[PDB]
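Encoded as structure tokens, the structure appears first; notes follow it.
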Amino acid sequence: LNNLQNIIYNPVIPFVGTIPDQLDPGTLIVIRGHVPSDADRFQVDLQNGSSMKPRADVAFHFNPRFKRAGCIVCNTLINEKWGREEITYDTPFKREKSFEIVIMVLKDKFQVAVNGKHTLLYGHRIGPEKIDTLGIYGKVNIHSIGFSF
Ligand SMILES: OC[C@H]1O[C@@H](O[C@H]2[C@H](O)[C@@H](O)[C@H](O)O[C@@H]2CO)[C@H](O)[C@@H](O)[C@H]1O
Ligand code: NA
Ligand code: NI
């Protein structure tokens, strides 16, 4: 890390907020918090705007789910239609456990690590320059949101 500057502490979920700079290659988004014991799922959405009707495009939907053995669904929403799901079954998330999510923006893809260990990759389907909004929804508690540009 270093260069990480945390804004937003303990936001009310759902949280929707504008990202303070363009997500150029090398940028980090760092989200710390924990999963409550009654959690079915939560999501971190990198969005093109904050429109609700029509629902803003989600360039990167990062969606841990905890039913059964749990997983992480990643996907992209365009014109309120979901695309092809990229499912990661080796999920490090567990109910009643803390996490640090680090999303690293590369030229061709996102690289995501959780609690210091690599978790997944997701190739860009929308140009990252169109991402200006971070949403966090569902059953999750967030201590901090920060960025490293
Ligand atoms: O793709 C993310 C999107 O998934 C929706 O649910 C899917 C589900 O993940 C898939 O495995 C199942 O087979 O069909 C559903 C069809 O939409 C969620 O409703 C949505 O919240 C997004 O998370
Ligand atoms: Na959704
Ligand atoms: Ni805590």
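Lettering and numbering for the structure tokens are positional, with chains as A, B, ... in the shown order, residues counted from 1 in each chain, and ligands counted from 1 in the shown order.
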
Can you tell me which residues come within 9 Å of ligand 3 when counting only C-alpha atoms and all ligand atoms, ideally as a PDB file with N, CA, C and O atoms, in the first residue's frame?
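To be explicit, this is the file written out as result.pdb:
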ATOM      1  N   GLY A  33     -13.963  -4.186   6.232  1.00  0.00           N
ATOM      2  CA  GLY A  33     -15.196  -4.346   6.976  1.00  0.00           C
ATOM      3  C   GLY A  33     -15.382  -5.789   7.387  1.00  0.00           C
ATOM      4  O   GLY A  33     -14.406  -6.532   7.537  1.00  0.00           O
ATOM      5  N   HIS A  34     -16.643  -6.175   7.587  1.00  0.00           N
ATOM      6  CA  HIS A  34     -16.894  -7.563   7.951  1.00  0.00           C
ATOM      7  C   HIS A  34     -18.281  -8.004   7.496  1.00  0.00           C
ATOM      8  O   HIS A  34     -19.159  -7.193   7.182  1.00  0.00           O
ATOM      9  N   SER A  98     -13.733 -10.681   9.286  1.00  0.00           N
ATOM     10  CA  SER A  98     -13.345  -9.406   8.709  1.00  0.00           C
ATOM     11  C   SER A  98     -12.623  -9.624   7.384  1.00  0.00           C
ATOM     12  O   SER A  98     -12.108 -10.712   7.092  1.00  0.00           O
ATOM     13  N   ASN A 141     -20.975  -4.883   6.598  1.00  0.00           N
ATOM     14  CA  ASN A 141     -20.580  -3.716   7.391  1.00  0.00           C
ATOM     15  C   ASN A 141     -19.238  -3.197   6.889  1.00  0.00           C
ATOM     16  O   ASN A 141     -18.282  -3.963   6.753  1.00  0.00           O
ATOM     17  N   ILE A 142     -19.152  -1.894   6.655  1.00  0.00           N
ATOM     18  CA  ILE A 142     -17.966  -1.305   6.059  1.00  0.00           C
ATOM     19  C   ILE A 142     -17.359  -0.344   7.067  1.00  0.00           C
ATOM     20  O   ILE A 142     -18.048   0.559   7.565  1.00  0.00           O
ATOM     21  N   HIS A 143     -16.078  -0.548   7.377  1.00  0.00           N
ATOM     22  CA  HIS A 143     -15.347   0.380   8.222  1.00  0.00           C
ATOM     23  C   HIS A 143     -14.766   1.526   7.419  1.00  0.00           C
ATOM     24  O   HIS A 143     -14.869   2.678   7.847  1.00  0.00           O
TER      25      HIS A 143
END

Shell around residue 38 of chain A at 10 Å using only C-alpha atoms, local window under 3 positions removed, as a VMD selection string
chain A and resid 35 41 66 95 to 96 139 to 140

Can those selected residues be exported to a file as a tab-separated table (two decimals), in the first residue's frame so that it contains N, CA, C and O atoms?
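Written out: result_3.tsv:
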chain	number	residue	atom	x	y	z
A	35	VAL	N	-18.44	-9.32	7.45
A	35	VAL	CA	-19.66	-9.97	6.99
A	35	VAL	C	-20.49	-10.32	8.22
A	35	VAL	O	-19.99	-11.03	9.10
A	41	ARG	N	-25.68	-12.30	0.93
A	41	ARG	CA	-24.78	-11.78	-0.09
A	41	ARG	C	-24.51	-10.30	0.15
A	41	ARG	O	-25.27	-9.62	0.85
A	66	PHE	N	-23.00	-16.31	0.20
A	66	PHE	CA	-22.62	-17.17	1.31
A	66	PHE	C	-23.47	-18.42	1.50
A	66	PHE	O	-23.14	-19.25	2.35
A	95	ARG	N	-19.10	-15.58	6.82
A	95	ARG	CA	-19.91	-14.89	7.82
A	95	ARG	C	-19.14	-14.73	9.12
A	95	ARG	O	-18.44	-15.65	9.57
A	96	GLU	N	-19.27	-13.55	9.73
A	96	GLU	CA	-18.62	-13.20	10.99
A	96	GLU	C	-17.10	-13.20	10.88
A	96	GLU	O	-16.39	-13.56	11.82
A	139	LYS	N	-25.99	-7.26	2.73
A	139	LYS	CA	-25.65	-7.54	4.13
A	139	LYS	C	-24.14	-7.50	4.29
A	139	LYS	O	-23.45	-8.51	4.12
A	140	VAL	N	-23.61	-6.32	4.63
A	140	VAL	CA	-22.18	-6.16	4.92
A	140	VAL	C	-22.01	-4.90	5.75
A	140	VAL	O	-22.81	-3.96	5.65

With a distance cut-off of 10 Å and only C-alpha atoms, select the neighbouring residues of residue 44 of chain A, excluding the residue or stretch itself and same-chain residues fewer than 6 positions from it, and output the selection as an NGL selection string.
:A and (15 or 31 or 58 or 60-64 or 74 or 101 or 134-138)

Which of these, A:30, A:116, A:89, A:14, has the shortest distance to residue 68 of chain A once you count only C-alpha atoms?
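Closest to residue 68 of chain A, using only C-alpha atoms: A:89.
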
Which residue of A:19, A:126, A:131, A:121 approaches residue 78 of chain A most closely, using only C-alpha atoms:
A:126

Contacts of ligand 1, 6 Å or closer, only C-alpha atoms and all ligand atoms, given as a PyMOL selection string:
chain A and resi 75+82+85

Residues near residue 70 of chain A, cut-off 9 Å, only C-alpha atoms, skip fewer than 5 positions along chain, as a VMD selection string
chain A and resid 64 to 65 89 to 91 93 to 94

Please produce a file of those selected residues containing N, CA and C atoms, as a PDB file, in the first residue's frame.
ATOM      1  N   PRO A  64     -19.835 -11.366  -3.520  1.00  0.00           N
ATOM      2  CA  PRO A  64     -19.765 -12.547  -2.647  1.00  0.00           C
ATOM      3  C   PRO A  64     -21.149 -12.988  -2.194  1.00  0.00           C
ATOM      4  N   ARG A  65     -21.365 -14.312  -2.241  1.00  0.00           N
ATOM      5  CA  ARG A  65     -22.581 -14.985  -1.802  1.00  0.00           C
ATOM      6  C   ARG A  65     -22.180 -16.088  -0.830  1.00  0.00           C
ATOM      7  N   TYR A  89     -15.208 -19.990  -7.173  1.00  0.00           N
ATOM      8  CA  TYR A  89     -15.741 -20.798  -6.079  1.00  0.00           C
ATOM      9  C   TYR A  89     -14.852 -20.802  -4.842  1.00  0.00           C
ATOM     10  N   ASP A  90     -13.579 -20.451  -4.984  1.00  0.00           N
ATOM     11  CA  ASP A  90     -12.652 -20.434  -3.855  1.00  0.00           C
ATOM     12  C   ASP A  90     -12.751 -19.089  -3.132  1.00  0.00           C
ATOM     13  N   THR A  91     -13.827 -18.930  -2.398  1.00  0.00           N
ATOM     14  CA  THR A  91     -14.077 -17.618  -1.820  1.00  0.00           C
ATOM     15  C   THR A  91     -13.426 -17.507  -0.448  1.00  0.00           C
ATOM     16  N   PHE A  93     -14.344 -15.225   1.739  1.00  0.00           N
ATOM     17  CA  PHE A  93     -15.301 -14.576   2.623  1.00  0.00           C
ATOM     18  C   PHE A  93     -16.062 -15.598   3.457  1.00  0.00           C
ATOM     19  N   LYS A  94     -16.255 -15.271   4.732  1.00  0.00           N
ATOM     20  CA  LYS A  94     -17.042 -16.089   5.644  1.00  0.00           C
ATOM     21  C   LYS A  94     -17.853 -15.173   6.545  1.00  0.00           C
TER      22      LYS A  94
END

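If you measure from each of A:49, A:18, A:40, A:108 to residue 67 of chain A using only C-alpha atoms, the closest one turns out to be A:40.
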
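Residues in contact range of residue 48 of chain A, defined as at most 6 Å between only C-alpha atoms, with sequence neighbours fewer than 2 positions away removed, read residues 56, 57, 130, 131 and 132 of chain A.
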
Nearest residue to residue 148 of chain A from the set A:53, A:102, A:72, A:80 (distances using only C-alpha atoms):
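Ranking A:53, A:102, A:72, A:80 by distance to residue 148 of chain A, first place goes to A:102.
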
List every residue of chain A that DSSP, applied to the backbone of this structure, assigns to strand (DSSP E or B), and report them as JSON, numbers by chain.
{"A": [5, 6, 7, 8, 9, 15, 16, 17, 18, 28, 29, 30, 31, 32, 33, 34, 41, 42, 43, 44, 45, 46, 47, 58, 59, 60, 61, 62, 63, 64, 65, 71, 72, 73, 74, 75, 76, 77, 78, 81, 82, 86, 87, 88, 98, 99, 100, 101, 102, 103, 104, 105, 109, 110, 111, 112, 113, 114, 117, 118, 119, 120, 121, 122, 123, 133, 134, 135, 136, 137, 138, 141, 142, 143, 144, 145, 146, 147, 148]}
